[PDB]
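Protein chains in written order, with the numbering used here: chain L, 1 to 594; chain B, 595 to 1188; chain U, 1189 to 1782. All residues carry an ideal CB built from backbone N, CA and C; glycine is no exception. Working notes, structure below.
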Amino acid sequence: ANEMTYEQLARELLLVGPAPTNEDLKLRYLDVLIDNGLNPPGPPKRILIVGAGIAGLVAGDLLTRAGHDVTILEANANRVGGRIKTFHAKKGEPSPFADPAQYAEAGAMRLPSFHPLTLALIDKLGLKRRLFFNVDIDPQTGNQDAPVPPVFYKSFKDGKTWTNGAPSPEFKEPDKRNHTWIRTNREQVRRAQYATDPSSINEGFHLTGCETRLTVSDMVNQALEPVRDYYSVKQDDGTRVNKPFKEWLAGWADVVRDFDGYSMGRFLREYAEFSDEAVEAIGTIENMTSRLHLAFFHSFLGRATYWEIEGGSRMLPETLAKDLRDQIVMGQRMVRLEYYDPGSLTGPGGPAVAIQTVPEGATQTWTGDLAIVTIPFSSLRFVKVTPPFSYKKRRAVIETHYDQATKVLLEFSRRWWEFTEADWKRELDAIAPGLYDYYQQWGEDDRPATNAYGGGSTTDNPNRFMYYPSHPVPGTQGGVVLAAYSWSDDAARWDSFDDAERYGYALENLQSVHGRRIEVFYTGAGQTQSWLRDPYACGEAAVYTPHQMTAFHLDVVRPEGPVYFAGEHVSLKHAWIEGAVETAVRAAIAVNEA
Amino acid sequence: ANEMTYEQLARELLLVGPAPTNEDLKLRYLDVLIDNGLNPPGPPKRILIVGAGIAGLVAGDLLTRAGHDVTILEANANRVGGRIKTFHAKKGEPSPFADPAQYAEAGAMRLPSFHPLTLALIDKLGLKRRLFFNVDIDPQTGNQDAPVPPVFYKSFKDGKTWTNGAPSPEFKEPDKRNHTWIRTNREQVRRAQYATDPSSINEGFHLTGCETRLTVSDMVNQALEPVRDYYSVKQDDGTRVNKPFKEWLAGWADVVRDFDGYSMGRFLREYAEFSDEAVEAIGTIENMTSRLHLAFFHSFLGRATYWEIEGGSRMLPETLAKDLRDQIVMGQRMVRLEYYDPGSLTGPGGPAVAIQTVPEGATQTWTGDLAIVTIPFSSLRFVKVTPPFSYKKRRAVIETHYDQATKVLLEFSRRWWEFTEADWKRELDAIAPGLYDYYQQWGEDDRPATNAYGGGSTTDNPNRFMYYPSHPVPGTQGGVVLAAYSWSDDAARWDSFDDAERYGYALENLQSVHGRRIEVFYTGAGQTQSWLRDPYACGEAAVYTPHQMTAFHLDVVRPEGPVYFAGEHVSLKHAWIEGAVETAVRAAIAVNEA
Amino acid sequence: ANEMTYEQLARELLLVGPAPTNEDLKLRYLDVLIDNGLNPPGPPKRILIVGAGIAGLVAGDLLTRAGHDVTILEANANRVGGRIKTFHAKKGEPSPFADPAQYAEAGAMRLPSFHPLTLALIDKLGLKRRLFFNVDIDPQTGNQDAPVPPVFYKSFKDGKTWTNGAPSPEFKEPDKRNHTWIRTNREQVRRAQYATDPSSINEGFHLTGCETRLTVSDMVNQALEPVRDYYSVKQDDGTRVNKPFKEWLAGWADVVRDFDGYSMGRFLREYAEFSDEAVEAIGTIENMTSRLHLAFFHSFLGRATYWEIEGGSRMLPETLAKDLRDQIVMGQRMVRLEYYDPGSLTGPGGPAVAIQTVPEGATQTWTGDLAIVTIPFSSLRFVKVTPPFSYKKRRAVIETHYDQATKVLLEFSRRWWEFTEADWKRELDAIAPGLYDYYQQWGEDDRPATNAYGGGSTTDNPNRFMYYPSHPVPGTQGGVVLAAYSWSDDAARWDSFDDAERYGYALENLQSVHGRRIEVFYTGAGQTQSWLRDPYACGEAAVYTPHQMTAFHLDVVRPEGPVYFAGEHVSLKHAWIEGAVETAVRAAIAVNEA
Ligand SMILES: Cc1cc2nc3c(=O)[nH]c(=O)nc-3n(C[C@H](O)[C@H](O)[C@H](O)COP(=O)(O)OP(=O)(O)OC[C@H]3O[C@@H](n4cnc5c(N)ncnc54)[C@H](O)[C@@H]3O)c2cc1C
Ligand SMILES: Cc1cc2nc3c(=O)[nH]c(=O)nc-3n(C[C@H](O)[C@H](O)[C@H](O)COP(=O)(O)OP(=O)(O)OC[C@H]3O[C@@H](n4cnc5c(N)ncnc54)[C@H](O)[C@@H]3O)c2cc1C
Ligand SMILES: Cc1cc2nc3c(=O)[nH]c(=O)nc-3n(C[C@H](O)[C@H](O)[C@H](O)COP(=O)(O)OP(=O)(O)OC[C@H]3O[C@@H](n4cnc5c(N)ncnc54)[C@H](O)[C@@H]3O)c2cc1C
Ligand SMILES: O=C(O)CCC(=O)C(=O)O
Ligand SMILES: O=C(O)CCC(=O)C(=O)O
Ligand SMILES: O=C(O)CCC(=O)C(=O)O
Ligand SMILES: [Zn+2]
Ligand SMILES: [Zn+2]
Ligand SMILES: [Zn+2]
Ligand SMILES: [Zn+2]
Ligand SMILES: [Zn+2]
Ligand SMILES: [Zn+2]
């Protein structure tokens, strides 16, 4: 009965269908979203969708295009897209950065190539995608002028493959350079230096013995290898292939069983037997610190390739919205939801769903035959739901935590991160004679040139993670850095500062890593995003605690009479867009054939 | 080496001194704070204190009264006391509630009688204390007119006792009635009904088998009994006495060893082998839900007696502040801290400590010989500290989480919670003839009279916990309810609403439990406290995750050259005032005899 | 010595012969019963057979046809066939149901297609067989007009197969619909509804956690899968094939060893670790309740195909009896049995067997050379046996329990179970205008149309199991329902009621499931069978308790000097006819070649 549950969860995880068939639901979603859409088996239905983030838009588009009467209620008054949010200049208000060409991501910023549906959907919309440099690169290497590789998916069904165009064999990502920084414990090296000799940064973390000699990267990878062995095999090639479907699924089932009880921290301590100092170091270097006490699965799931969308992530939501001007109602917030499930405004023969919204944050009533709720559970918590959902669904709405996240963006007049030392001499002397020599004397609070292209630097200071844009905005001399990106307590302290203080601290921190002298190129333009203070999100992502997945995720996905659910949290890919998209499709399929 | 650490932690927990002596540090603190103060072994020193919450005030008072030159830097511009915060009318601004006599607690509200130092300190200041009714009472029982019992502490040193006055044998707390509500899963009973037959509320939680038959109270107690047996023994009397010092300390040491690896949730699931449904129920009814994933110790530690201070909790901080008008600098926020530890503004023979503050949130520099930092670690995180603290102290500042907490207070023109049904007829008909009959017809959204005195009601809805004042404010007809008190995700959603929406939702929720008809007595006055948005707190309390205590708490308490630390987080009584007070004294003792 | 016993028991279970050969005794029985009969190796013998149920008739026919002098003594005065009993109209007495064409089964009603010998024997007698709908079907699907599939058996001997005619490839059973009812805990759904969402009925059973999400069907199947794996393998096809003979037999041997110690209840609780609530639910839904405390094997053994015999089950016994008019003595009950086993009326050179009967329930003496006793052990218990049987045989007669079973049959003037709602309007308005509208208002004791064809409904009320006839009797408008079929305590209470009260309660119960309005079509004709009060049965079946099989079943089958044994109980297929038939043949083979 437990084994039965683990099997069911693994199917959820791996997108596998019921037993007499074992379908590749990745193929079904691709087909439907991309190739064919939906065909209604009978008359169009009235359908209501709450939330005009990516999940609500995707399902809205599919159900509209198949001929259904769709209404999309979005609490936000001026913005669709939810946790897809770009700071961009818009005609009629001042530009978010001094240079009005500049833009930057408030929310989602990178898309994995092991995430097909979202990449397929971007291509289908004829949006242009480029490589997101998660590690800093050599930009006089690779071939990015060649066409973007088509989406290429391989099924477990054997020989079944899905693509959306012809190969691009001459396309090639740039070499990773790893010239960016690790600054922990008042020590500082380049990622490449750490890789060749990790003791430098490890002694600062007070790792001793055989740990000192190992990178945090290798530690985490080795730790996970036995886990991986449950559903796959490292061949003599040194490569990894999934086992046969049965032993591959039972394996993932046995992963659920043996490891959902753990947090990442307890896994590293207890299973991989690492020192508290190693876990400390792993957390800081590998962005795990604040999620160590949360489910191992959250960290476990998520040289791979990442993608950004020319013009910012917003293009994906906004493009979809163009097809749905007629269906999208902005500035309406669901406060009540009533539905009729055989086994006041609803009933037999009357409408089966009734939603009531209020303006912004008047009292409209909306009715229909079926519903999709795509709003985060944080926000669902404060909606009055007339017949309660199932016990475990209600528990899921109560118990699912959302992590705080804040981003802090600083515009620079130049892309100082690229500069060689020589570049710094040129670029400072250009502002005033002697300015190089000045910053050279003055020095720092108790730095060599970064000379990096994309990627980011990692630190223990509150900024934590600093990302450089992967691609320059055509024709501009400057760029926007993600100066601070932090979670949990840090975020909350970032939030409670004044704009000036927050941008001051973010710059002091950037300066601690990069040099005082970066101050000269700051334009005084900064933007902040505080996902906790977002009324319609209250965080970045649904992050589960140990055993939560096991105890109620199968109830998260279930319909509730005529009410269906989609969104990032509905999937087992928490913190990603694919999950919201996979589940939008899934939802859309379901309400179509009801 | 592990056993050695567990022993040391248990001494920290139990306030036991080093081995060749094994002193009762509760006796030392009482003596010093209450009876004698401190005697400096040599010349007075310059001492700087950061934070004018309870810890900074207590140590400020002790060190000033012993003759030292103390300065207290408090970032807040108009308010001392920190997480001790009362909403009270103050001459010159409008009253926080329509009735200007009314007040209510934003922060700390109740003091345990198993917490001597703070109770002793309230008596020593000649502040008046009354019983805090954590469970609702029969108010025609007990004797509270008799003198307040003196603080009476018993040491483990054998026959050593501490009191601050003569006995009060005729003083007697009121009988617990338990007429207040449990409203979970759209079901509702009185605590007393649950106690006699818990199946009603338990089936709503889908507890089955032998759990259905048991109260959550009894489940938690039984669960903890074996743990308790490690350092104590349940005698045939049915009572519990601590074992002999050695087996009592080794026991607490073995508690640290065997259980710090757990969260409360994992303890209940894995150790006490409870169903996920029972843990669900336990969490909701026993206020554990949001802290299930945090350390078992946090929940484990904290028919016992509680105390409130006539005039509000603020009296304790504010009274202390009167003695320290000359030492307290308001509106100054530490941004930098520099110190000289043999083994710029500081050095040998120069001053040993230098702090720099900024106005509110100009750049003053403050120097001295020794320092106490009593600010929460959330706030310490963003202070520049010139020689870094020890590695594990820095890790503690980084890794110690603070929980979000929000309180929502609603003034009522009458104390409807007291009313019998008859009282409701009288009190509504008084507003307009027929008004009783009206609310009787109209009814509810799909309630009997509460008729309770003090205590609170517990629910699954976002309010979660609703507390009724224990004592009426003399001469007033109304009262302030704590309508909503919530943590984690709930708090963050509460926070992001508008005052009107927040007070609207809080009242709808109160009405779901108590009756629609309570609406009539609402005065439209409400106050909110959002401890996450407090720049100087960023939460209620330092709450540790599993193993954190084991890995770095011994480093939390250590001095850092001439820098000492006190405050709620410095102790192993997280979430209480005693801990901040015990550690203020401890700190004060230490800097005195340096 | 234990392993030796388990091996021997598995051979018994699987019909495998001794080691130097390992014959398929299914092939021997088919050959003998069906193709060839028996050839006596020497002169015909005098043979006496007790009991003219299926086992006594089968062996009587074989031994008569091979030329032996057979006498069959049947205690019953007017009826052969034993637990094969049909209520049918017979010229000269009133019809059992108002419509004299109607008939129904008192005893055995369905024959599995995994039971070859009995199906072969029905074909050989040129009796017509049709599908027994154990689950309700879609009757506008399948092909039953095609010839009945021939009996097709596959041996473990490899490539050895047995059939009794040419294939019928166009014959095809109807699709299962599952529109019949589950009514448990005052809740009611269609089997198909339970299958798609089992929580409805499961919450009524107070299953929680991961059980709530699973059907009782899937639970039982999964539970048994590891057991199955002992002697077979689930191939990647998702199908199941027996392992190689040696590992297949050792496997069944290891099944005997590891699981005969269990009851079904203790298996589900202890081995499959199910909640007492799940076992409750499993018992009620899957007809196991009253046999949970009996051997796991009983339940373990017994989408498969079932057969009924046109004209009722009686045809099989009665047809056989026609060939044996000369051998069958009716109305004689064995009271004494005397026999001469070298190592009064019997002795050396005298006759070797002597039986004494009494009329009905005069004192005839019957002699002969060999005997077969086919009477149930309940009845054998009260027979005086001159030289005692072996100790363990005597223990088997004492200790083998027979389960009480009662059937209650109610004739209806129409087959209301078939009806759509529309059909009900038509069929009630036909009795009197408004009658539909009447029952619609009046309603029920605190029901939708069944609209089902064959199968049955399952409930917790005393009826327990209600079966609808699979095929209409040609030319009739009505039908007989098996309204109540119950075991153990229920049966005994059914029994002690008056005909009118029993038929009243059975109808109230039917009405609780199906609708009050079914009352109109009741003809006031009902029949009861109480197998406990049957003097010649005293129950339905020999049902073993845990370990009984292990301790004495090898002694059950052994001859006792010239006395052989056959019948349902002699086999390891307790509760079936095949077992009585397999053992009749086995017996007949043995006495032939003595
Ligand atoms: C800082 C950050 C960075 C991220 N980076 C990445 C990344 O690099 N790669 C990646 O793959 N994913 C990333 N993600 C995750 C990704 O952005 C989300 O998982 C995804 O956008 C989920 O969309 P959704 O439709 O499920 O929900 P949302 O985007 O939350 O949409 C919900 C919508 O509901 C509306 N709404 C809420 N309540 C109501 C109400 N009561 N009535 C009406 N409307 C309401 C909201 O206004 C909103 O538009 C990131 C997320 C964050 C926060
Ligand atoms: C909602 C709530 C309810 C509670 N209820 C209870 C209860 O019922 N019983 C109980 O025993 N305990 C309770 N507590 C806990 C108790 O209130 C605290 O543990 C206690 O007040 C701790 O005081 P402290 O001196 O350690 O810190 P704080 O009270 O946090 O004082 C720190 C001070 O430092 C100042 N400061 C911060 N940063 C700077 C800076 N950079 N420069 C200068 N000054 C700075 C702040 O303004 C503040 O005045 C509760 C707490 C909360 C939040
Ligand atoms: C309610 C019910 C439903 C069943 N349904 C099915 C089914 O669907 N499918 C299936 O395969 N099996 C079914 N069975 C089982 C099947 O009916 C029996 O296992 C089978 O009929 C066994 O026959 P038998 O020859 O072993 O014994 P019996 O049928 O018991 O024959 C024994 C004979 O011995 C006679 N007798 C008894 N004592 C004496 C005496 N002292 N002297 C002389 N004669 C005596 C009796 O009168 C009787 O005729 C069912 C049984 C019952 C009770
Ligand atoms: O961009 C990042 O590094 C984090 C954003 C996120 O939530 C994710 O990548 O899954
Ligand atoms: O008043 C309460 O219930 C909670 C306040 C708190 O933090 C505590 O009691 O320790
Ligand atoms: O018909 C039934 O369901 C029960 C009869 C029986 O004893 C059997 O099927 O083995
Ligand atoms: Zn925009
Ligand atoms: Zn180019
Ligand atoms: Zn004040
Ligand atoms: Zn009085
Ligand atoms: Zn007959
Ligand atoms: Zn036909």
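- Membership of residue 525/L in the beta strand (DSSP E) is indicated by the continuous run 522 to 530.
- Around the beta-carbon of residue 909/B, 16 or more other beta-carbon atoms lie within 10 Å, marking it buried.
- In terms of side-chain proximity, the C-beta atom of residue 228/L is found no nearer than 6 Å to any non-hydrogen atom of ligand 9.
- Out of 1286/U, 1683/U, 1563/U and 1336/U, the CA that lies nearest to the CA of residue 1600/U is found in 1286/U.
- Inclusion of residue 1170/B in the 6 Å shell around ligand 5 follows from its C-beta lying nearer than that to a non-hydrogen atom of the ligand.
- By the criterion of at least three beta-carbon pairs nearer than 8 Å, the segment 239 to 256 of chain L is in contact with the segment 9 to 26 of chain L.
- For residue 314/L, the Cβ falls inside the 6 Å cut-off from some heavy atom of ligand 7.
- Look at residue 429/L here: in three-state DSSP terms it is helix.
- Secondary structure at residue 829/B: coil, using DSSP grouped into helix, strand and coil.
- Residues of the segment 551 to 575 of chain L with a C-beta atom less than 9 Å from some C-beta of chain B are 551 and 552, listed in chain order.
- Pairing residue 879/B with residue 814/B gives a Cβ-Cβ distance that is not under 7 Å.
- For residue 1463/U, the chain B residues whose Cβ falls inside 8 Å of its Cβ are 802 and 803, in order along the chain.
- At a C-beta separation below 7 Å, residue 762/B has no neighbours in chain L, since its nearest C-beta there lies roughly 44 Å away.
- Per DSSP, the unbroken beta strand (DSSP E) holding residue 953/B starts and ends at 947 to 953.
- When Cβ-Cβ separations below 7 Å define contact, residue 719/B makes no contact with chain L.
- Using a CB distance cut-off of 7 Å, residue 1/L counts as an interface residue toward chain U.
- The distance from the Cβ of residue 1059/B to that of residue 1070/B is about 24 Å, inconsistent with a contact at the 8 Å cut-off.
- Fewer than three Cβ pairs drawn from the segment 1617 to 1627 of chain U and the segment 1690 to 1697 of chain U lie within less than 8 Å of each other, which leaves the two stretches out of contact.
- Judged by DSSP secondary structure, residue 1654/U falls outside any alpha helix (DSSP H) and instead within the beta strand (DSSP E) spanning 1653 to 1655.
- For residue 608/B, the enclosing alpha helix (DSSP H) starts and ends at 596 to 608.
- For the segment 361 to 390 of chain L, the set of residues with a beta-carbon nearer than 9 Å to any beta-carbon of chain B comprises 361, 377, 378, 379, 381, 382, 384, 386 and 388, in chain order.
- Between residue 887/B and chain L, the shortest Cβ-Cβ separation is below 7 Å.
- Distances taken from the Cβ of residue 466/L to the heavy atoms of ligand 4 include none shorter than 6 Å.
- If you draw a 10 Å sphere on the C-beta of residue 72/L, you find 16 or more other C-beta atoms in it, and that means buried.
- Fewer than three Cβ pairs drawn from the segment 484 to 496 of chain L and the segment 114 to 126 of chain L lie within less than 8 Å of each other, which leaves the two stretches out of contact.
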